[PDB]
There are 2 protein chains.
Amino acid sequence: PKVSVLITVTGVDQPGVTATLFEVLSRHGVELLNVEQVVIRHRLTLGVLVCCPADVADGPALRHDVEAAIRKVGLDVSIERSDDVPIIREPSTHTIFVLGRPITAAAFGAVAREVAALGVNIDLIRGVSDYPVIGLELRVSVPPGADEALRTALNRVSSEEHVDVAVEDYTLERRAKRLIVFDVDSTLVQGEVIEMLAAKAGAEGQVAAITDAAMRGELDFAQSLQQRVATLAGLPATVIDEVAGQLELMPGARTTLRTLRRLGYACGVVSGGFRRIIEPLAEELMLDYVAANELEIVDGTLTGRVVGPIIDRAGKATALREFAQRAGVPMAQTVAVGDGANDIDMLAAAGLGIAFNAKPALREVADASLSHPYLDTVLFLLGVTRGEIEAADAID
Amino acid sequence: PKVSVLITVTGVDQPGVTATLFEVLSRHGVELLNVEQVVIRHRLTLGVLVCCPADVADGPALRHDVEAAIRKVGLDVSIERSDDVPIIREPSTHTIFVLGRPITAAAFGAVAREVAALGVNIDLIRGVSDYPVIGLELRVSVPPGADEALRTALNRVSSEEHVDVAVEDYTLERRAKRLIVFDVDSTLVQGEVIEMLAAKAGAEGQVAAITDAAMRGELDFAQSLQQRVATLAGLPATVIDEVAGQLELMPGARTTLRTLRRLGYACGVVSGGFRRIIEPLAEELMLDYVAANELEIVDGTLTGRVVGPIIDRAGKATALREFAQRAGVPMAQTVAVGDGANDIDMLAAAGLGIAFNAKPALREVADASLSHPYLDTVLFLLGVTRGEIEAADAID
Ligand SMILES: c1ccc(-c2cnc[nH]2)cc1
Ligand SMILES: c1ccc(-c2cnc[nH]2)cc1
Ligand SMILES: c1ccc(-c2cnc[nH]2)cc1
Ligand SMILES: c1ccc(-c2cnc[nH]2)cc1
Ligand SMILES: [Cl-]
Ligand SMILES: [Cl-]
Ligand SMILES: [Mg+2]
Ligand SMILES: [Mg+2]
């Protein structure tokens, strides 16, 4: 172990190259400092930093043994005294997810040039999904203080090209996420429950219009919920179970929750909706925490009011904190997914706030935006790949 | 998107290749199915599966545009209608850690040939540490039912070549480990506390001899603890604090625990030793769970007995289970690290049982064995790299 030598083997993948190389090196006094190898589309690259006696490195036996063995079977090898080279690359600082249906070449090219223009190095690119959407990951090394610019640059690329682009800190701490909360309406569940209750009153049109104004930040949430629930005054309480049994999970929601249990996440829901509807489901979904509002009932009939206190925008953040404290999870390790301005405060306080098919008020504040109608695209933003989900699911 | 074409770019890394390629492809009707890229020791490989109109794929414009752009600046590119190729590789089944000081070429070559002989494909090799030991990772794809043979083959390589070799399941579930327990004596802490107590009685020689016989499985643990603690009959109870203040953490133990808190592990200790000594420390180390034995004291003096019930070999497993149930962690997601036959049952029940500088009885039963005097080599077996630990620590 006097001097360091770098051996690099490239060419068309073949059986036995890795084994052949280290057997040859063992006829010389070689100890390993670092080995990197990958095969991409049958192209092999094998990089080996070793140290050996200055005697062997300075003489032609090591080189002739390596070169003859590698060249004989079809590949190429270079050999060079390094001494100055890094031993082992540093970790990426950040990771970038690109989700599209499709992802065009132009979309990806724009990301790559956006990245380059900021002096960001691409350390790795891989696929993470081929269904329900194409998903691609770039691990990168961002110059210090450039990552605000990078998110800004990539959000434009995202809108201009019709791909989701999420930039996420790739450090040990920030990526040990352990706790996720979903908004219910238009996030975990298709549609808006309060609209399904109002349909029982022939008020769906009015309620839906107030809901869209509320979910765009156009109306104060508390006022908007009182106006909407009022249209329910007089309906019998039986209507709750009825709507409860009508609900449909967002597509990919079961996969999302099941996969997140495999990873040991605490899972909960924070809703402006109604505990009597969400609890039946949270229990069916084996959740750990429910926060919701409560409908007032008199003589088995809805009064058109809710029983305070009301979970408003600020209250959803407050439930997240409460959930994180009870679970023993620092807030930087929490995930919130929602769709409306109702969720702005909850996404800001979460470690990672995901806007799922969201109104512009939310998209503008989220750490990340998803634009396709599959809730399991959340799994890709949490470092999970399609193939891994299918492996786990197939093993049962 | 009628047909699938595979573009593969290889050569010496340069600025702009990724960006150049996708800009060229955007002048044709190209959508992305999969992108893999890495640079190893300045050798770039970029593999791109796309789909485009059968018109563009069948004509020479796409090829001449790609070939001219890539060749102009120094690299090579191939282009081929695929249609039959996989879109996105499957995940590895297992991962192999090779720790050595040093790792010789012969050691690594033996691993590579052992792997090959069982029909195991190496999907990736990377470095995970350059200090305190050289650490290398191979992600592999093991034929179903071959992994018992693989562990067997690699354990021989390990002893024959003086490297630790750990084979670990690389599935989503089994690698979301969330809970670790350490044995104390000769694991988290240097030396054997009961030997430090006996030194106060001039009994160290006898106690140490009984301890080594007990830690090799030669003696029943319960009998061996009674004989040893008896030599303490008559010492004043003050001797506990004294030894407490003398203790030295295993080297790298602070890094191990700190890094494991960053990842959100529940951390505890299970010891045959004495709660009055371990508690002062567990609290100093911010642990979540302590299990230990209790020294009997009369009139401020040790009687030479322990206050049952005694944590024996079976009792350490029982505390692990108890700890896992209280924390909400399935046993397949738990980690136990120990050194003596005292820990055999605890390592068997844990998801991953690590033998740290252990007696042969333990090594023979552990999922993994570490042979170097740094407890932070545990972090490498849990998927953490040296560079990541240093990044996190530098960020404070
Ligand atoms: C050094 C500089 C740039 C790159 C690179 C980034 N994207 C493709 N190659 C890789 C290493
Ligand atoms: C804002 C908009 C809709 C809702 C809701 C719909 N169903 C239950 N709550 C709650 C707040
Ligand atoms: C297919 C077959 C073998 C390999 C390989 C394993 N180790 C080095 N190359 C890679 C792909
Ligand atoms: C077996 C051997 C030693 C010990 C021990 C040493 N110090 C505290 N307990 C416990 C069991
Ligand atoms: Cl309710
Ligand atoms: Cl005690
Ligand atoms: Mg909603
Ligand atoms: Mg011990």
# chains A, B, ... in the order shown; residues from 1 in each chain; ligands from 1
>>> interface_residues(of="chain B", to="chain A", cutoff="7 Å", atoms="only C-alpha atoms", output="ChimeraX atom specification")
/B:18-19,22-23,25-26,30-38,40-41,47,88,90-91,102-106,108-109,112-113,123-127,130,134,136,171-173,176,262-264,387-388,392
>>> write_last_selection(atoms="N, CA and C atoms", output="tab-separated table (two decimals), in the first residue's frame")
chain	number	residue	atom	x	y	z
B	18	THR	N	-25.89	15.46	-21.48
B	18	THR	CA	-27.29	15.17	-21.16
B	18	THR	C	-28.22	16.17	-21.83
B	19	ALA	N	-27.91	17.46	-21.69
B	19	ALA	CA	-28.74	18.51	-22.28
B	19	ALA	C	-28.73	18.43	-23.81
B	22	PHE	N	-31.03	15.48	-25.25
B	22	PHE	CA	-32.48	15.60	-25.25
B	22	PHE	C	-32.99	16.75	-26.12
B	23	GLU	N	-32.18	17.78	-26.34
B	23	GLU	CA	-32.51	18.82	-27.32
B	23	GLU	C	-32.57	18.25	-28.73
B	25	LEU	N	-33.17	15.11	-29.51
B	25	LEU	CA	-34.32	14.22	-29.58
B	25	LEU	C	-35.63	14.99	-29.67
B	26	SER	N	-35.66	16.23	-29.19
B	26	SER	CA	-36.88	17.02	-29.22
B	26	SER	C	-37.21	17.54	-30.62
B	30	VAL	N	-40.18	12.64	-29.83
B	30	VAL	CA	-39.67	11.65	-28.88
B	30	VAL	C	-40.27	11.85	-27.49
B	31	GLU	N	-40.80	10.77	-26.92
B	31	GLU	CA	-41.20	10.72	-25.53
B	31	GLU	C	-40.34	9.70	-24.79
B	32	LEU	N	-40.06	10.00	-23.51
B	32	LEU	CA	-39.13	9.21	-22.70
B	32	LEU	C	-39.81	8.07	-21.96
B	33	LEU	N	-39.29	6.85	-22.12
B	33	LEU	CA	-39.72	5.73	-21.28
B	33	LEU	C	-38.78	5.45	-20.11
B	34	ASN	N	-37.49	5.76	-20.24
B	34	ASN	CA	-36.50	5.43	-19.22
B	34	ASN	C	-35.16	6.07	-19.55
B	35	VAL	N	-34.51	6.63	-18.52
B	35	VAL	CA	-33.22	7.30	-18.59
B	35	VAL	C	-32.36	6.82	-17.43
B	36	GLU	N	-31.21	6.22	-17.74
B	36	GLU	CA	-30.21	5.86	-16.75
B	36	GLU	C	-28.90	6.54	-17.12
B	37	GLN	N	-28.28	7.21	-16.16
B	37	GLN	CA	-26.98	7.81	-16.43
B	37	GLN	C	-26.13	7.79	-15.15
B	38	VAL	N	-24.84	7.51	-15.31
B	38	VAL	CA	-23.87	7.62	-14.22
B	38	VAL	C	-22.54	8.04	-14.83
B	40	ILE	N	-18.65	7.26	-13.72
B	40	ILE	CA	-17.71	6.60	-12.83
B	40	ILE	C	-16.31	6.93	-13.32
B	41	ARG	N	-15.54	7.61	-12.47
B	41	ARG	CA	-14.15	7.94	-12.77
B	41	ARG	C	-14.03	8.57	-14.15
B	47	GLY	N	-28.09	5.89	-20.91
B	47	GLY	CA	-28.98	5.00	-21.62
B	47	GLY	C	-30.40	5.54	-21.58
B	88	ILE	N	-37.71	-0.84	-17.55
B	88	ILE	CA	-37.04	-0.38	-16.35
B	88	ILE	C	-36.64	-1.61	-15.54
B	90	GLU	N	-35.56	-4.42	-12.82
B	90	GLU	CA	-36.16	-4.78	-11.55
B	90	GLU	C	-35.23	-4.43	-10.40
B	91	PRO	N	-35.75	-4.30	-9.19
B	91	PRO	CA	-34.89	-3.95	-8.05
B	91	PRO	C	-34.00	-5.13	-7.69
B	102	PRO	N	-7.06	-4.47	5.54
B	102	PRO	CA	-7.66	-3.95	4.31
B	102	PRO	C	-8.63	-4.94	3.67
B	103	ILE	N	-9.23	-4.54	2.56
B	103	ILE	CA	-9.86	-5.46	1.63
B	103	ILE	C	-8.83	-5.75	0.55
B	104	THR	N	-8.36	-7.00	0.48
B	104	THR	CA	-7.42	-7.30	-0.59
B	104	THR	C	-8.18	-7.59	-1.88
B	105	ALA	N	-7.46	-7.49	-2.99
B	105	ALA	CA	-8.00	-7.96	-4.26
B	105	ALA	C	-8.47	-9.40	-4.16
B	106	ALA	N	-7.69	-10.26	-3.49
B	106	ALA	CA	-8.06	-11.67	-3.38
B	106	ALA	C	-9.37	-11.83	-2.62
B	108	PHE	N	-11.85	-9.62	-2.41
B	108	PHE	CA	-12.96	-9.20	-3.25
B	108	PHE	C	-13.20	-10.17	-4.40
B	109	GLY	N	-12.11	-10.65	-5.02
B	109	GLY	CA	-12.24	-11.63	-6.09
B	109	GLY	C	-12.97	-12.89	-5.64
B	112	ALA	N	-16.64	-12.14	-5.51
B	112	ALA	CA	-17.22	-12.03	-6.84
B	112	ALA	C	-17.43	-13.40	-7.47
B	113	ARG	N	-16.47	-14.31	-7.29
B	113	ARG	CA	-16.60	-15.65	-7.86
B	113	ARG	C	-17.61	-16.49	-7.09
B	123	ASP	N	-25.83	-6.18	-9.58
B	123	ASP	CA	-26.49	-5.05	-10.23
B	123	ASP	C	-25.78	-3.73	-9.98
B	124	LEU	N	-25.08	-3.56	-8.86
B	124	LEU	CA	-24.38	-2.32	-8.54
B	124	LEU	C	-23.23	-2.62	-7.59
B	125	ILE	N	-22.12	-1.89	-7.72
B	125	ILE	CA	-21.10	-1.89	-6.69
B	125	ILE	C	-20.75	-0.44	-6.38
B	126	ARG	N	-20.67	-0.11	-5.09
B	126	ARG	CA	-20.27	1.23	-4.72
B	126	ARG	C	-19.46	1.17	-3.44
B	127	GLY	N	-18.75	2.25	-3.14
B	127	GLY	CA	-18.12	2.41	-1.84
B	127	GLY	C	-19.11	3.02	-0.87
B	130	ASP	N	-14.59	4.94	3.52
B	130	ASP	CA	-13.14	4.92	3.48
B	130	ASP	C	-12.52	5.04	4.87
B	134	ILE	N	-12.46	0.21	5.08
B	134	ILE	CA	-12.94	0.20	3.71
B	134	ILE	C	-14.26	-0.57	3.68
B	136	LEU	N	-17.53	-1.70	1.03
B	136	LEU	CA	-18.00	-1.85	-0.33
B	136	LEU	C	-19.35	-2.56	-0.30
B	171	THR	N	-35.42	-5.78	0.25
B	171	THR	CA	-36.80	-5.45	-0.07
B	171	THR	C	-37.25	-4.19	0.66
B	172	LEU	N	-38.33	-3.59	0.16
B	172	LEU	CA	-38.89	-2.40	0.81
B	172	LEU	C	-39.13	-2.64	2.30
B	173	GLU	N	-39.86	-3.70	2.64
B	173	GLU	CA	-40.22	-3.93	4.03
B	173	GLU	C	-38.98	-4.12	4.89
B	176	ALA	N	-36.75	-1.17	5.96
B	176	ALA	CA	-37.27	-0.03	6.73
B	176	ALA	C	-37.08	-0.22	8.24
B	262	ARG	N	-30.81	10.53	14.01
B	262	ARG	CA	-31.13	11.26	12.79
B	262	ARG	C	-32.11	10.47	11.92
B	263	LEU	N	-31.98	9.15	11.89
B	263	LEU	CA	-32.84	8.30	11.06
B	263	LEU	C	-34.13	7.90	11.74
B	264	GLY	N	-34.40	8.40	12.94
B	264	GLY	CA	-35.62	8.10	13.66
B	264	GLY	C	-35.73	6.72	14.26
B	387	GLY	N	-19.70	9.09	3.96
B	387	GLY	CA	-19.92	10.45	3.47
B	387	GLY	C	-21.22	11.06	3.95
B	388	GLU	N	-22.28	10.26	4.02
B	388	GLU	CA	-23.57	10.76	4.53
B	388	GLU	C	-23.49	11.14	5.99
B	392	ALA	N	-24.20	14.98	7.32
B	392	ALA	CA	-25.12	15.27	8.42
B	392	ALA	C	-24.39	15.93	9.59
>>> residues_around(residues="range 179-186 of chain A", least_positions_apart="3", cutoff="9 Å", atoms="only C-alpha atoms", output="CSV table (one decimal) with N, CA, C and O atoms, in the first residue's frame")
chain,number,residue,atom,x,y,z
A,189,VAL,N,-59.8,11.0,-1.1
A,189,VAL,CA,-61.1,10.6,-1.5
A,189,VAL,C,-61.5,11.4,-2.7
A,189,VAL,O,-61.3,12.6,-2.8
A,190,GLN,N,-62.2,10.7,-3.7
A,190,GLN,CA,-62.7,11.4,-4.8
A,190,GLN,C,-63.8,12.4,-4.4
A,190,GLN,O,-64.7,12.0,-3.7
A,191,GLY,N,-63.8,13.6,-4.9
A,191,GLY,CA,-64.9,14.5,-4.7
A,191,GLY,C,-64.9,15.1,-3.3
A,191,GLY,O,-64.0,14.9,-2.5
A,192,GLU,N,-66.0,15.8,-3.0
A,192,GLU,CA,-66.2,16.6,-1.8
A,192,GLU,C,-67.4,16.1,-1.1
A,192,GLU,O,-68.6,16.2,-1.6
A,193,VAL,N,-67.2,15.6,0.1
A,193,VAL,CA,-68.3,15.0,0.9
A,193,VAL,C,-69.5,16.0,1.1
A,193,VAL,O,-70.6,15.6,1.0
A,194,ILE,N,-69.1,17.2,1.4
A,194,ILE,CA,-70.2,18.2,1.7
A,194,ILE,C,-71.0,18.4,0.5
A,194,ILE,O,-72.2,18.8,0.6
A,250,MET,N,-59.4,8.0,-3.8
A,250,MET,CA,-58.6,8.5,-5.0
A,250,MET,C,-57.9,7.3,-5.6
A,250,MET,O,-57.5,6.4,-4.8
A,260,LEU,N,-47.0,2.7,2.4
A,260,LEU,CA,-46.5,3.5,3.5
A,260,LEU,C,-46.6,2.8,4.8
A,260,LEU,O,-45.8,3.2,5.8
A,264,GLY,N,-43.3,1.8,7.6
A,264,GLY,CA,-43.4,2.2,9.0
A,264,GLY,C,-43.8,3.6,9.2
A,264,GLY,O,-43.5,4.2,10.3
A,265,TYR,N,-44.5,4.3,8.3
A,265,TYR,CA,-45.0,5.6,8.5
A,265,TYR,C,-46.2,5.6,9.5
A,265,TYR,O,-47.1,4.7,9.4
A,266,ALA,N,-46.3,6.6,10.3
A,266,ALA,CA,-47.6,6.9,10.9
A,266,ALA,C,-48.4,7.6,9.9
A,266,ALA,O,-48.0,8.5,9.2
A,267,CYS,N,-49.7,7.2,9.7
A,267,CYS,CA,-50.6,7.7,8.7
A,267,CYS,C,-51.8,8.3,9.4
A,267,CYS,O,-52.5,7.7,10.3
A,268,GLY,N,-52.2,9.5,9.0
A,268,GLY,CA,-53.4,10.2,9.5
A,268,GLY,C,-54.1,11.0,8.5
A,268,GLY,O,-53.6,11.2,7.3
A,269,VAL,N,-55.2,11.6,8.9
A,269,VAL,CA,-56.0,12.5,8.0
A,269,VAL,C,-56.4,13.8,8.9
A,269,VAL,O,-56.7,13.7,10.0
A,270,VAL,N,-56.3,14.9,8.2
A,270,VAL,CA,-56.8,16.2,8.8
A,270,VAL,C,-57.8,16.8,7.8
A,270,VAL,O,-57.5,17.1,6.6
A,271,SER,N,-59.0,16.9,8.2
A,271,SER,CA,-60.1,17.3,7.4
A,271,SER,C,-60.9,18.4,8.0
A,271,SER,O,-61.2,18.4,9.2
A,272,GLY,N,-61.4,19.4,7.2
A,272,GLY,CA,-62.5,20.3,7.5
A,272,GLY,C,-63.9,19.6,7.5
A,272,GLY,O,-64.8,20.1,8.0
A,273,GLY,N,-63.9,18.4,6.9
A,273,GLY,CA,-65.1,17.6,6.9
A,273,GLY,C,-65.5,17.0,8.2
A,273,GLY,O,-65.2,17.6,9.3
A,278,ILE,N,-65.5,10.4,8.4
A,278,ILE,CA,-64.1,10.0,8.2
A,278,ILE,C,-63.7,8.9,9.1
A,278,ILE,O,-62.9,8.0,8.7
A,289,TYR,N,-54.5,8.5,13.2
A,289,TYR,CA,-54.9,9.8,13.7
A,289,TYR,C,-55.9,10.4,12.7
A,289,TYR,O,-55.7,10.5,11.5
A,320,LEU,N,-51.5,18.7,12.7
A,320,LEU,CA,-50.3,18.1,12.2
A,320,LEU,C,-49.3,18.1,13.4
A,320,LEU,O,-48.8,17.0,13.8
A,323,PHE,N,-50.2,15.8,16.0
A,323,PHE,CA,-50.0,14.4,15.6
A,323,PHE,C,-48.5,14.1,15.7
A,323,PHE,O,-48.1,13.0,16.1
A,324,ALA,N,-47.6,15.0,15.2
A,324,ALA,CA,-46.2,14.8,15.2
A,324,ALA,C,-45.7,14.7,16.6
A,324,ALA,O,-44.8,13.8,16.9
A,327,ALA,N,-46.6,11.3,18.1
A,327,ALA,CA,-45.9,10.1,17.5
A,327,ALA,C,-44.4,10.2,17.7
A,327,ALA,O,-43.7,9.2,17.5
A,329,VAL,N,-42.2,12.5,16.3
A,329,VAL,CA,-41.6,12.7,15.0
A,329,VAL,C,-41.3,14.2,14.9
A,329,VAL,O,-42.3,15.0,15.0
A,331,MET,N,-40.9,17.8,13.1
A,331,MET,CA,-41.7,18.3,12.0
A,331,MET,C,-41.0,18.2,10.6
A,331,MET,O,-41.6,18.0,9.6
A,333,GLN,N,-39.6,15.8,9.6
A,333,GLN,CA,-39.7,14.4,9.1
A,333,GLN,C,-41.2,14.0,8.8
A,333,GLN,O,-41.5,12.9,8.7
A,334,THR,N,-42.0,15.0,8.6
A,334,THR,CA,-43.4,14.8,8.4
A,334,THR,C,-43.8,15.2,6.9
A,334,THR,O,-43.2,16.0,6.3
A,335,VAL,N,-44.9,14.6,6.4
A,335,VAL,CA,-45.4,14.8,5.1
A,335,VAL,C,-46.8,15.2,5.1
A,335,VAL,O,-47.6,14.5,5.9
A,336,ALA,N,-47.2,16.2,4.4
A,336,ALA,CA,-48.6,16.6,4.3
A,336,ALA,C,-48.9,16.7,2.8
A,336,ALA,O,-48.2,17.2,2.0
A,337,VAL,N,-50.1,16.1,2.4
A,337,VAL,CA,-50.6,16.0,1.1
A,337,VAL,C,-52.0,16.6,1.1
A,337,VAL,O,-52.9,16.2,1.8
A,338,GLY,N,-52.3,17.6,0.2
A,338,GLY,CA,-53.6,18.3,0.1
A,338,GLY,C,-53.8,18.9,-1.2
A,338,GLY,O,-52.9,18.8,-2.1
A,339,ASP,N,-54.9,19.6,-1.4
A,339,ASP,CA,-55.4,20.1,-2.7
A,339,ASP,C,-55.9,21.6,-2.6
A,339,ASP,O,-55.9,22.2,-3.7
A,340,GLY,N,-56.3,22.1,-1.5
A,340,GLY,CA,-57.0,23.4,-1.5
A,340,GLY,C,-56.3,24.4,-0.6
A,340,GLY,O,-55.3,24.0,0.1
A,343,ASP,N,-55.4,23.9,2.9
A,343,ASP,CA,-54.3,23.1,3.4
A,343,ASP,C,-53.0,23.9,3.4
A,343,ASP,O,-51.9,23.3,3.7
A,350,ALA,N,-45.3,21.2,7.5
A,350,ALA,CA,-44.8,19.9,7.3
A,350,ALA,C,-43.4,19.9,6.7
A,350,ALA,O,-43.0,20.9,6.0
A,356,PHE,N,-51.5,17.9,-4.3
A,356,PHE,CA,-52.1,16.9,-5.2
A,356,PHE,C,-53.2,17.5,-6.0
A,356,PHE,O,-54.2,17.9,-5.4
A,357,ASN,N,-53.1,17.5,-7.3
A,357,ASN,CA,-54.1,18.1,-8.2
A,357,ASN,C,-54.8,19.3,-7.6
A,357,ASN,O,-56.0,19.3,-7.4
A,358,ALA,N,-54.0,20.3,-7.3
A,358,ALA,CA,-54.4,21.3,-6.3
A,358,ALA,C,-54.7,22.6,-7.0
A,358,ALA,O,-54.3,22.8,-8.2
>>> select_by_dssp(residues="range 52-174 of chain B", states="helix (DSSP H, G or I)", output="ChimeraX atom specification")
/B:54-58,60-73,105-117,147-161
>>> atom_distance(atom1="CA of residue 227 in chain A", atom2="CA of residue 198 in chain A")
11.4 Å
>>> atom_distance(atom1="CA of residue 2 in chain B", atom2="CA of residue 132 in chain A")
18.6 Å
>>> closest_residue(among="A:140, A:14, A:360, A:168", to="ligand 3", atoms="only C-alpha atoms and all ligand atoms")
A:14
>>> closest_atom_pairs(of="chain B", to="ligand 6", cutoff="7 Å", atoms="only C-alpha atoms and all ligand atoms", output="Markdown table")
| residue | atom | partner | partner_atom_place_in_ligand_line | distance |
| --- | --- | --- | --- | --- |
| B:274 | CA | ligand 6 | 1 (Cl) | 3.9 |
| B:275 | CA | ligand 6 | 1 (Cl) | 4.3 |
| B:276 | CA | ligand 6 | 1 (Cl) | 4.0 |
| B:277 | CA | ligand 6 | 1 (Cl) | 6.4 |
| B:293 | CA | ligand 6 | 1 (Cl) | 6.2 |
| B:294 | CA | ligand 6 | 1 (Cl) | 3.7 |
| B:295 | CA | ligand 6 | 1 (Cl) | 4.1 |
>>> write_last_selection(atoms="N, CA, C and O atoms", output="PDB file, in the first residue's frame")
ATOM      1  N   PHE B 274     -26.352  -4.256  35.341  1.00  0.00           N
ATOM      2  CA  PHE B 274     -27.023  -3.737  36.520  1.00  0.00           C
ATOM      3  C   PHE B 274     -27.645  -2.377  36.244  1.00  0.00           C
ATOM      4  O   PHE B 274     -26.938  -1.421  35.896  1.00  0.00           O
ATOM      5  N   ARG B 275     -28.971  -2.299  36.443  1.00  0.00           N
ATOM      6  CA  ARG B 275     -29.743  -1.109  36.095  1.00  0.00           C
ATOM      7  C   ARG B 275     -29.169   0.158  36.704  1.00  0.00           C
ATOM      8  O   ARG B 275     -29.276   1.231  36.106  1.00  0.00           O
ATOM      9  N   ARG B 276     -28.583   0.069  37.895  1.00  0.00           N
ATOM     10  CA  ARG B 276     -28.105   1.272  38.565  1.00  0.00           C
ATOM     11  C   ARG B 276     -26.911   1.884  37.849  1.00  0.00           C
ATOM     12  O   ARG B 276     -26.630   3.074  38.037  1.00  0.00           O
ATOM     13  N   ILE B 277     -26.201   1.097  37.050  1.00  0.00           N
ATOM     14  CA  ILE B 277     -25.074   1.591  36.260  1.00  0.00           C
ATOM     15  C   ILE B 277     -25.518   1.995  34.858  1.00  0.00           C
ATOM     16  O   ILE B 277     -25.072   3.009  34.313  1.00  0.00           O
ATOM     17  N   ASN B 293     -30.431  -6.169  34.937  1.00  0.00           N
ATOM     18  CA  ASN B 293     -30.602  -6.817  36.223  1.00  0.00           C
ATOM     19  C   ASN B 293     -30.384  -5.811  37.350  1.00  0.00           C
ATOM     20  O   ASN B 293     -30.011  -4.652  37.130  1.00  0.00           O
ATOM     21  N   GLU B 294     -30.643  -6.255  38.574  1.00  0.00           N
ATOM     22  CA  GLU B 294     -30.623  -5.369  39.729  1.00  0.00           C
ATOM     23  C   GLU B 294     -29.812  -5.993  40.854  1.00  0.00           C
ATOM     24  O   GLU B 294     -30.043  -7.148  41.224  1.00  0.00           O
ATOM     25  N   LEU B 295     -28.868  -5.221  41.393  1.00  0.00           N
ATOM     26  CA  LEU B 295     -28.035  -5.661  42.505  1.00  0.00           C
ATOM     27  C   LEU B 295     -28.779  -5.511  43.826  1.00  0.00           C
ATOM     28  O   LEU B 295     -29.425  -4.491  44.072  1.00  0.00           O
TER      29      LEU B 295
END
>>> residues_around(residues="residue 312 in chain B", least_positions_apart="2", cutoff="10 Å", atoms="only C-alpha atoms", output="PyMOL selection string")
chain B and resi 220-223+225+271-272+292-293+309-310+314-318+342-343+345
>>> write_last_selection(atoms="N, CA, C and O atoms", output="short mmCIF file (atom, residue, chain, number, x, y, z; two decimals), in the first residue's frame")
data_model
loop_
_atom_site.label_atom_id
_atom_site.label_comp_id
_atom_site.auth_asym_id
_atom_site.auth_seq_id
_atom_site.Cartn_x
_atom_site.Cartn_y
_atom_site.Cartn_z
N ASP B 220 -24.01 -21.91 31.95
CA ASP B 220 -25.36 -21.36 32.00
C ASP B 220 -25.31 -19.94 32.52
O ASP B 220 -24.65 -19.66 33.52
N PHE B 221 -26.00 -19.03 31.82
CA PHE B 221 -25.84 -17.61 32.15
C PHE B 221 -26.25 -17.31 33.59
O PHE B 221 -25.57 -16.55 34.30
N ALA B 222 -27.40 -17.84 34.02
CA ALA B 222 -27.91 -17.52 35.35
C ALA B 222 -26.92 -17.95 36.44
O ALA B 222 -26.57 -17.15 37.32
N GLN B 223 -26.47 -19.20 36.40
CA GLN B 223 -25.46 -19.64 37.36
C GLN B 223 -24.22 -18.76 37.30
O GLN B 223 -23.67 -18.38 38.34
N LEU B 225 -23.88 -15.67 36.49
CA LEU B 225 -24.06 -14.33 37.04
C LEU B 225 -24.10 -14.35 38.56
O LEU B 225 -23.59 -13.42 39.22
N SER B 271 -29.34 -5.69 28.89
CA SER B 271 -28.12 -6.13 29.55
C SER B 271 -28.42 -7.12 30.68
O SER B 271 -29.44 -7.01 31.37
N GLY B 272 -27.53 -8.11 30.83
CA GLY B 272 -27.45 -8.87 32.07
C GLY B 272 -26.83 -8.11 33.23
O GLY B 272 -26.93 -8.57 34.37
N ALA B 292 -32.28 -4.51 32.29
CA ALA B 292 -31.07 -4.91 32.99
C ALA B 292 -31.45 -5.65 34.27
O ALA B 292 -32.63 -5.76 34.63
N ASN B 293 -30.43 -6.17 34.94
CA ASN B 293 -30.60 -6.82 36.22
C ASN B 293 -30.38 -5.81 37.35
O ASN B 293 -30.01 -4.65 37.13
N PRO B 309 -36.52 -10.76 38.84
CA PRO B 309 -36.15 -11.85 37.93
C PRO B 309 -34.90 -11.53 37.11
O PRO B 309 -34.61 -10.37 36.81
N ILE B 310 -34.17 -12.58 36.76
CA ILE B 310 -32.90 -12.45 36.07
C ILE B 310 -33.15 -12.43 34.58
O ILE B 310 -33.83 -13.31 34.04
N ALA B 314 -32.74 -16.11 27.22
CA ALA B 314 -34.13 -15.99 26.78
C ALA B 314 -34.72 -14.63 27.15
O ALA B 314 -35.53 -14.07 26.40
N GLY B 315 -34.33 -14.10 28.30
CA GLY B 315 -34.88 -12.83 28.74
C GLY B 315 -34.48 -11.64 27.89
O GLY B 315 -35.19 -10.63 27.88
N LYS B 316 -33.35 -11.73 27.19
CA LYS B 316 -32.96 -10.61 26.34
C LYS B 316 -33.86 -10.53 25.11
O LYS B 316 -34.30 -9.44 24.72
N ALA B 317 -34.13 -11.68 24.48
CA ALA B 317 -35.16 -11.74 23.45
C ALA B 317 -36.49 -11.21 23.96
O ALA B 317 -37.19 -10.48 23.25
N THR B 318 -36.85 -11.57 25.18
CA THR B 318 -38.15 -11.17 25.70
C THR B 318 -38.23 -9.66 25.87
O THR B 318 -39.27 -9.05 25.61
N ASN B 342 -24.71 -14.95 25.44
CA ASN B 342 -25.75 -14.27 26.19
C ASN B 342 -26.78 -13.64 25.26
O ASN B 342 -27.95 -13.49 25.63
N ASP B 343 -26.37 -13.29 24.05
CA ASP B 343 -27.21 -12.54 23.13
C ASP B 343 -27.78 -13.39 22.01
O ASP B 343 -28.50 -12.86 21.16
N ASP B 345 -30.24 -15.60 21.69
CA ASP B 345 -31.68 -15.58 21.49
C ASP B 345 -32.17 -14.20 21.06
O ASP B 345 -33.14 -14.10 20.30
#
